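Everything on this sheet refers to the single structure shown next.
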Amino acid sequence: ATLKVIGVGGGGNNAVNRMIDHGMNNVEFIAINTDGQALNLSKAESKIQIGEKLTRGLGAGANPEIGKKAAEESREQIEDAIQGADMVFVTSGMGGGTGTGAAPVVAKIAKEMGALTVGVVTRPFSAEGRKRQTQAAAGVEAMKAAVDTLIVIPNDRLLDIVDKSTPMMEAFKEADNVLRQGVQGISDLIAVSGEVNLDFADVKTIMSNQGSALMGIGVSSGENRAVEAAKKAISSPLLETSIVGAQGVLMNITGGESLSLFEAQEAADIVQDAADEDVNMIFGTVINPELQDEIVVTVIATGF
Ligand SMILES: Nc1nc2c(ncn2[C@@H]2O[C@H](COP(=O)(O)OP(=O)(O)O)[C@@H](O)[C@H]2O)c(=O)[nH]1
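Going by PDB author numbering, the letters in the sequence shown line up with residues 12 to 201, 998, 203 to 315, in that order.
Right under this line is the structure:
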């Protein structure tokens with residue numbers, strides 16, 4: 012499948028730059044912004060400046076109606092950049108003028124172009140104020156109506172994973188990992204024919220028109236490795252939507268030749284027990300002999 016990651020506005024384009032710097036192989040990046048200064052510095056191969064008639068090449072100055080109109084007026088350019096995608100991840104920080112208004116338009120276009128469309132967006136820090144939060148909430152609601160599945164990261168959760176000295180840019184990279192892991196997990200599932208295979212049609216069944224989503228990867232080794240990996244896959248502190256209530260799950264377990272039936276069952280039970288629900292299990296298994304003693308559990312959960 013052709014996977015694309017589209018960053019919309021400042022924070023979304025930040026995430027695209029950091030992900031390209033980190034390294035990401037078979038994924039096309041697209042950078043969309045009103046802010047031409049920031050776009051000029053993007054590392055993405057595909058860049059779309061939107062709304063230059065509206066903003067004269069600046070940002071949207073905290074007005075989401077300008078981000079929205081900018082995206083609508085560049086619809087054809089956005090279609091052309093998306094065309095061919097089977098799956099699109101639209102990432103954006105909600106609460107500003109460009110992302111809040113343009114990201115739901117971009118997502119709507121991607122879904123109308125036939126792409127499985129996942130939004131990964133932030134809510135602003137409480138320190139940014141109540142009206143930024145209210146503006147962001149309208150963006151989140153518009154995003155939810157425009158995507159297949161939505162992952163919301165409240166930026167306040169970053170305050171739960173730092174100490175008093177953690178550089179702000181290091182905290183931002185942690186939030187990127189939510190998107191990177193989801194993209195990488197799907198990429199890796201598509998690329203290999205598993206002993207019990209999952210492919211893009213399984214991703215579509217779990218993610219299409221399902222609302223809120225969780226995506227996680229956990230890795231462990233040694234004793235209780237499978238349970239530990241499964242718990243890590245479902246336990247991110249940054250997510251608005253936890254695993255509790257999932258009624259839809261794609262789960263893949265990858266290990267070396269030692270991967271046991273028993274421990275795969277243990278892993279499957281961890282997900283359903285934390286789900287506290289009757290959940291939609293599509294379960295896959297991959298034997299990767301180069302893994303030795305490590306196990307990797309990938310989880311996509313929906314149905315909330
Ligand atoms: N986690 C994270 N949040 C960001 C980042 N940049 C901006 N934000 C958040 O995104 C919101 C909108 O900022 P920005 O994307 O620059 O606005 P826009 O360009 O007008 O869409 C801000 O109010 C912050 O809450 C980033 O790199 N990481």
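Using N, Cα and C, we set each Cβ at its ideal position, and we do this for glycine too.
Under 7 Å between C-beta atoms of residue i and residue j
{"i": "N44", "j": "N24", "result": "yes"}
{"i": "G108", "j": "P75", "result": "yes"}
{"i": "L225", "j": "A118", "result": "no"}
{"i": "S103", "j": "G112", "result": "no"}
{"i": "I61", "j": "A81", "result": "yes"}
{"i": "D159", "j": "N220", "result": "yes"}
{"i": "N263", "j": "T309", "result": "yes"}
{"i": "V203", "j": "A114", "result": "no"}
{"i": "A237", "j": "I293", "result": "no"}
{"i": "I89", "j": "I120", "result": "yes"}
{"i": "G314", "j": "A257", "result": "yes"}
{"i": "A92", "j": "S137", "result": "no"}
{"i": "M154", "j": "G130", "result": "yes"}
{"i": "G47", "j": "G68", "result": "yes"}
Any non-hydrogen atom of ligand 1 within 6 Å of residue i CB
{"i": "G193", "result": "no"}
{"i": "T102", "result": "no"}
{"i": "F40", "result": "no"}
{"i": "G106", "result": "yes"}
{"i": "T109", "result": "yes"}
{"i": "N166", "result": "yes"}
{"i": "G130", "result": "no"}
{"i": "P135", "result": "yes"}
{"i": "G20", "result": "yes"}
{"i": "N25", "result": "yes"}
{"i": "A82", "result": "no"}
{"i": "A153", "result": "no"}
{"i": "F183", "result": "yes"}
{"i": "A998", "result": "no"}
Cα-Cα separation between residue i and residue j, rounded to whole angstroms
{"i": "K184", "j": "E251", "result": "18 Å"}
{"i": "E239", "j": "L169", "result": "23 Å"}
{"i": "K79", "j": "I172", "result": "33 Å"}
{"i": "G259", "j": "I201", "result": "19 Å"}
{"i": "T296", "j": "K64", "result": "52 Å"}
{"i": "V189", "j": "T133", "result": "11 Å"}
{"i": "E277", "j": "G222", "result": "28 Å"}
{"i": "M30", "j": "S269", "result": "33 Å"}
{"i": "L161", "j": "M218", "result": "9 Å"}
{"i": "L261", "j": "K175", "result": "37 Å"}
{"i": "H33", "j": "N291", "result": "33 Å"}
- Specify whether the stretch 112–129 and the stretch 15–23 touch according to this definition: at least 3 beta carbon pairs, one from each stretch, less than 8 Å apart. Touching, per the Cβ criterion.
- Can we say the stretch 229–249 touches the stretch 138–153, given the rule of at least three CB pairs closer than 8 Å? Taking a cut-off of 8 Å for Cβ pairs, the stretch 229–249 and the stretch 138–153 do not touch, as fewer than three such pairs fall below it.
- Does the stretch 190–199 come within contact of the stretch 272–279, defined as at least 3 CB pairs closer than 8 Å? no
- Tell me, please, whether the stretch 205–220 touches the stretch 279–286 by the rule of three or more beta-carbon pairs shorter than 8 Å. no
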